[PDB]
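# Inside the fold
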Amino acid sequence: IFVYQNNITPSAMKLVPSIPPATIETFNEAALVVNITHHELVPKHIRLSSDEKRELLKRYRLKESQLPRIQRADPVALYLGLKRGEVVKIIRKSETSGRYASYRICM
Amino acid sequence: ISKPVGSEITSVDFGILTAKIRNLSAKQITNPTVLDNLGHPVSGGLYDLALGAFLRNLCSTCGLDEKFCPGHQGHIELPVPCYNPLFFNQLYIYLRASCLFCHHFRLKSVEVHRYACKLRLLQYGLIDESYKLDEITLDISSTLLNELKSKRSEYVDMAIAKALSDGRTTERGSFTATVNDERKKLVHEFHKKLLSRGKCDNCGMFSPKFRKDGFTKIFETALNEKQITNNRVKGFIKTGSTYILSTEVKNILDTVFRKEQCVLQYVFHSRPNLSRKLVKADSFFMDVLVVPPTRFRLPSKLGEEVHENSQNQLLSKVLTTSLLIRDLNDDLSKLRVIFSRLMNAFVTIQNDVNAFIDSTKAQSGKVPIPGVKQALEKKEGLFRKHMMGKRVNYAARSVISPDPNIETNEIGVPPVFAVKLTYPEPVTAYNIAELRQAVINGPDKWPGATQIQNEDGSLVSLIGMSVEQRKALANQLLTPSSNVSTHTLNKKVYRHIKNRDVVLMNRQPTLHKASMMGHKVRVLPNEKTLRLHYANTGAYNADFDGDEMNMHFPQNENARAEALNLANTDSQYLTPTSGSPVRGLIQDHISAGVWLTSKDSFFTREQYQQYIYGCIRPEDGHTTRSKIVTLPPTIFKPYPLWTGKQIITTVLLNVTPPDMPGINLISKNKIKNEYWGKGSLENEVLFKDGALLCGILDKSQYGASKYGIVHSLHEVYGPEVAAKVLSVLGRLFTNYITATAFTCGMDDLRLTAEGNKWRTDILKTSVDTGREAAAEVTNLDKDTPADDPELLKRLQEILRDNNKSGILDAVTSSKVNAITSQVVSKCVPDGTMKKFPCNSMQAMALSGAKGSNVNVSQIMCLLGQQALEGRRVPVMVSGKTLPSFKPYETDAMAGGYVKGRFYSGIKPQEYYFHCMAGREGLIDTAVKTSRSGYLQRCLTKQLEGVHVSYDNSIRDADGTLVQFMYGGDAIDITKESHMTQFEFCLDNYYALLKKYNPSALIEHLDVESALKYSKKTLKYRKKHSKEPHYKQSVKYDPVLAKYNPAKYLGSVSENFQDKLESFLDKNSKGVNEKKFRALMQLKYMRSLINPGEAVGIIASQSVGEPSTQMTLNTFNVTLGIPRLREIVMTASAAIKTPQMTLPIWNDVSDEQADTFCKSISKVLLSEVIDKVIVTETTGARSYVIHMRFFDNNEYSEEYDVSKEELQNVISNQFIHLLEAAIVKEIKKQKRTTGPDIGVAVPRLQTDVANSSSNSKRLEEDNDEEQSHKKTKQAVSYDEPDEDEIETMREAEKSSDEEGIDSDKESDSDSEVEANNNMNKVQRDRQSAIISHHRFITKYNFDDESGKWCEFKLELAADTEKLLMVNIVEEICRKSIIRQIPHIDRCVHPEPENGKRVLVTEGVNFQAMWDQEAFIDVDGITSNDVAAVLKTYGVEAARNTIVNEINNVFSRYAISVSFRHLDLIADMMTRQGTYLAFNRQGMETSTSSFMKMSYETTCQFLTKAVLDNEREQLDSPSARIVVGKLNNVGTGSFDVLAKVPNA
Amino acid sequence: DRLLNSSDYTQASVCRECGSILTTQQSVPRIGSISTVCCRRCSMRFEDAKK
């Protein structure tokens, strides 16, 4: 994680995929003043290992691209550090039912 | 139905006709003659007899006749390949991007190889592997770039073989919306890198860039003077835009497409290519046309005048030109002018096939000939007029009429309709007795028939026959015909519509599904109109004054079963929007139950037996006991009498089933107890074992009202018992009204003499109210008189302002509305002449029969304040509200307070003001119409295949999952009505136990499992009760997420679970608590949403229908439908009024919070200036600017702005703007000072189009304009007249290579007091202020008091007069003192329910995070959804959508369910972005017939062909086109018959 | 019923090889035969009897 202050050079933005095993995740420290997962409108995102991604897709009989999608540059997908093809689990409080578990894949 | 179909269409491939059309139709058309003299079809013409039979000639191809031939196609041999105007825009990309020398593209062959190899990955179900191709990257020699290509194709050959080894793809590929999202993102990028390059990267020699014109000519420019020097240092090792012939461009793009076959194999395919056919260039070029068959090109006709067709008119012009360009090619064959007509003939042979396909993309007199593209794209055309909107047989329409003597689930059919509409009834062994009588009666006498169908397929009409032939033909129905081909079939008598059929019945604006219900048929004699019950008038929303309803009569048993079980009126009792009942008795049945169930109502014995059999008749099947049972009387000894509440007991005793016990209900009336007298209890309704024991019945009980008696019988005994009670009470209070009438007279309206004495004296106290308010607003006192001249000066001051004078119109309105409610509160119950039961005027308001207490007050007491546009009566320029009043008359009556009443009359002055308030509602009559018409259509095209699956998930038609449960808990809205009404269920336990019968039910569903897991999750949640939501440990996901609710007993949402615990714990009441859980957890299981349910349509109708109810104006925040057009439609990144709710802390105080609002709210420098005194003098033009601020103790309270900040804005921002405005204005002085006199300027006041709305239809009154919208289906608007539709019409600009690339301009050619005695500081501050500005030359600032500022701009002497004060007033209103960005003004409103919050006019989340000492930053709430998406992610953007749709509905007191709002917000955020319902949102979708049928039809059509798409035929808009059965509901499964033999 | 079985509803013929509606035809039979339905662009004229 490379926390910076004003900017990283566009010449230096090419060094992010420069390591194919290892990732570099850059955050501007003005965007880190408030942890956005503590906000009332943001539910509990939990990321699923493939031992239960696969058991999710076996219950509902889903291809991976038929799930609801979360973006690669979402403020909570960048928080958890989601690679593409990783299902995150959302437990949100419905007005009707209370705690309601929903799922969403990163593509 | 006796002709079954086997094979059926399952999927539809798009494609291009190759020029081998010559196989299917070589009947080619060369003669441009259509008919000769003496009317024959000429051979080789456009009406040839090999194209199908025509004018009673036979077909030369079929051999069949005028009717039976299907028609045949024919081609027109173009001698040259002129291109296609559909695929032209998408070859002009491929022509600009190719190198003509190298015969490749301009890009690198490996950059093309990258995109060619990612699109191979996207056509399978794998996307992350298509981003891992960019991670293969290792002045480059040729042996490295051919190995880089080898290892990228190495990975893909393993990436596909890995996934196809699993089930993640098939050999036919996979294709979803998110897969189609990424493919559009590469191909649009691949068509942007290729469009802009300089040289070919595989050679040097580069082609000159083309430029086109209106789709007919291709021009190639001459390569300019700099670039040939590149062509001769690399290649060696006429005029502007010469013409390029159409055979050159094929020859160019043939060797381009042959060379890069590898990339184009994956641009023109979104699924894998399985035929491996080559993408060729003659797909873009048209060697031949085809001609539609003659049946599709018949002549047009008006009266006797039979004109020539549109299609033949265009198609002959091509065929004359083709013969010309053939004949003139013979002319040039013997060798100038002949070369200039041939090249001009190529312009017009292209231009006439461009005319054959398009109309606007050709040239036209005023309105040219329609092309085949423009026959498709509007509300009219083809794809919405004749594919979604067909006209039907077996239907009728008529005016409807009221009827209380029919059942509520019935329609009364006239005998005019009844002897026309016929149903094919196959004759069998059980119906020959009733179908012989049908053939005997014939088509005149009603229970008869019209025609019989033989076993061979032919019909035999019975119309002209007599009773001889008809009786001799009824006796032959069960006779087998001798044939063996038809030994299975039997005959079909087309009997008339009897009393046992059903009918779809259709009010014409069908805004929701209860506007089209299924009635039973009752054929009534002697009538000419359809005839309907009053209980159905709320469902269709009908008023019985000339409404026409369509009567659709379905024609098979798969539709009779579904109009009797699914779309009947008995199942439509509760609406799906909130679960409220929409069926009940309306006006005069309400006002008879208040008399019948009253306590005066005693009936004798002969009267008791008559009213029971007047409403309940055992022959029709109303009783359940086959014999009317009665009750003992309530009075025995003096004379036997029955009470009126005992008749209601009796009619409930007979219609309810005898096994189930009576209803137990405790409720309320609308009628207060004190209207009956001392100690009366006739407000509490009490049913105890099916017996009305207390309290009258009203609109609150058997109206369309929730938790009444009819709504309770629907829950305990079901929909058919509650249907019969509205039928029985509809006839009980009709026969009671006949025997005992009801009237409204003049004595019902008069006050008594004491009560009429009260309202004179209470209104005597309002003669001195208009001046007490007028002296309050002007801040005078001690009751200044009305004609005091200082008051009259002040009232004229508040006459000239609009933010004032609503102050006076809100003080004086409230100060006279108190006198209004003092007269009502003392008179209308107590000062009336006739008290409650006998006063039918009050009894129609208290019952809810018709009217209100407001209507009764304006009749008996006074009209009151007639308020206009929210304010009050408008005033003249002279201070007079009428010519009868003194100017500035301080009076209530002069301001429009009507003290008169409708009983006694309103005076001519106050008659006039009530005519003003009568008109201001009537301007909101015409603006109601086309508000929500387009909004609901745009919802119902996206939420249209969305349906419950059998695993309770909410999925779109293509399978792309939207939700995992409906609402969170999979409950139908029309079932959760008594689900939390636990007190009602405990009273009715034994009656509700054998509705939800658990004895024959428990061995099919698991009992012990989800009860065990729920008590884990319940107790574990009770541990971490005070932990916040982000610290909630997630060991135990909810029980619905693990167990099927319809299969496991006890798997229940965590909100129903807690309410059931909180009822059983706080209440101690032969019923245990174990057997009340096991019923209320069975009631939950039997109240679930069924699979196949069309929850997409229901959610889109439950939003769009009550938005026909919020069309009204202000009684700040964007209100109603234009707020709903921003959320649901158009996906507004820029809301016109964005806000931000900032919750302040608990320990911050109100003084600390108002001071905080001042710190955020922006302060213009205009806001702290009182006066600016500019003394201009000359000699150099020495302008002196003196500013007078307000006092420092004032603007430091009002704005929290220190006087040092005024120094730090004037000296550093103001004068930089001031001297910029001056040198701009002196530059205007030298350059532009005078126009050209005599030259006309353009137009003045016309609009952009049509110069008016309508020249004739704009003067149609609402009784005449509803006469033109009743006789035809005319609910649509052609131009829906919206700026957001115009902003949906205006966006998405052409190019960055346009005339202006970044909106570039010139930006060039610039090159009192008398004080002195400053200190050294202010002298030296001034020195660098002069030295850093251009004209200052003197400066000072009042630092001791902060009251003034002063400087002396001394300009040039050459300059002339200049309006300096208007320069200053602009700059002061723009100079910001203190603005936090994107935020204008904060304010501290009055709290709703303990939430101390702020409201911020603007959205800036990033800046409010640094104010955590006052604001809870973990609780701030916006309505800008595109800002919550950008900052807090996609789930907080989702919860903002459901919260901001709910503000639109709860403001109008409309309660939609949250289950409908959750399904829309999950559809708008299904991509992780904020998409709306529009063309741009619809783009990422699977089915193309949904896209073509919405709008921009041939836009999506060319997209579907260039994609070479297979249509999977699963959206419902694609199944109706191809005629396939829809699969939402009863089409969502297959029925299979069990046969016994092997 | 209200959009197919009452409005238009033809039982058309469709070739199962080219997958097209409008390329079909009932033949003119030689005088002994019964006419049958036969496609056109899947057809080959009898002159093409080549080896």
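Header annotation of the entry names cryo-EM as the structure determination method and lists the resolution as 2.9 Å.

### Observations regarding the interface of chain B and chain C
The partner chain C presents 21 residues to the 29 residues of chain B that form the contact. Overall, the association of chain B and chain C removes approximately 2,000 Å² of surface from exposure, summing both partners, and the carbon and sulfur fraction of that is 49%. Among the residues chain B hides against chain C, the three largest losses belong to B:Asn23, B:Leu24 and B:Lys390. Together they make up 27% of the total. Applying the counting rule to chain B against chain C returns one salt bridge. A salt bridge links C:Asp8 to B:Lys390; the nearest nitrogen and oxygen atoms lie 3.7 Å apart. Inspection of the chain B/chain C interface yields 10 residue pairs in polar contact. A per-element tally of the side of chain B that touches chain C places helix α1 (residues 21-24) of chain B first, with three residues. Taken together, the residues of the side of chain B that touches chain C break down into 14 nonpolar, 10 polar and five charged.

### Focus on unusual backbone geometry
Residues and elements named next belong to chain B. Here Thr1337, not a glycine, exhibits a phi torsion of approximately 70°, which is positive. Within the secondary structure, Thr1337 sits in the loop between α40 (1320-1332) and β33 (1339-1341). Looking at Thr1337, the relative accessible area reads 40%, which means it is partly exposed.

### Brief notes about the pattern of salt bridges
Per the stated rule, a full pass over the model turns up 66 salt bridges over all chains. A salt bridge links B:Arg197 to B:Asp201; the nearest nitrogen and oxygen atoms lie 2.8 Å apart. Classification of B:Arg197 as partly exposed rests on a relative accessible area of 26%. For B:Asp201, a relative accessible area of 31% translates into the label partly exposed. A salt bridge links B:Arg955 to B:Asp951, with the nearest nitrogen and oxygen atoms 3.7 Å apart. Relative accessible area serves as the criterion here: at 9%, B:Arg955 is assigned to the buried category. One network of salt bridges, in which partners are shared, links A:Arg92, A:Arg104, B:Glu1435, B:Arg1438, B:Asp1462 and B:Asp1466.

### Structural notes on the sheet that holds strand β38 (residues 1421-1422) of chain B
Residue and element names in this part refer to chain B. If you walk across this open sheet you meet the four strands as β36-β37-β29-β38, and the pairing is antiparallel. The open sheet is flanked by β36 (1383-1387) and β38, the only strands paired with a single partner. Examined bridge by bridge, strand β29 (residues 1140-1143) and strand β37 (residues 1397-1402) share three bridges and lie antiparallel to one another. Pairing of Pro1143 across the sheet is with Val1397, part of β37. Running at roughly 170° to β36, helix α36 (residues 1150-1160) makes contact with β36 and β37 of the sheet.

Criteria and cut-off values
Residues numbered from 1 in each chain as written, not as in the entry; some residues may be left out. Chains lettered and ligands numbered in written order. Part of a larger assembly, values for the part shown. Heavy atoms only, no water. Residues with missing side-chain atoms left out of burial classes, pairs and counts. Contact = heavy atoms within 4.5 Å. Buried area = accessible area lost by both parts, 1.4 Å probe. Salt bridge = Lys/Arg side-chain N within 4 Å of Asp/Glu carboxyl O. Polar contact = N/O pair within 3.5 Å; in protein donor to acceptor, adjacent residues only side chain to side chain. Helix = DSSP H or I, 4+ residues; strand = E, 2+ residues; numbered from the N terminus. Nonpolar A, V, L, I, M, F, W, Y, C, P; charged D, E, K, R; others polar. Buried < 20%, exposed > 50% of the residue type's maximum accessible area, 1.4 Å probe, protein only. Pairing = 2+ DSSP bridges. Axes fitted to C-alpha atoms, helices over the stretch in contact; angles between N-to-C directions.

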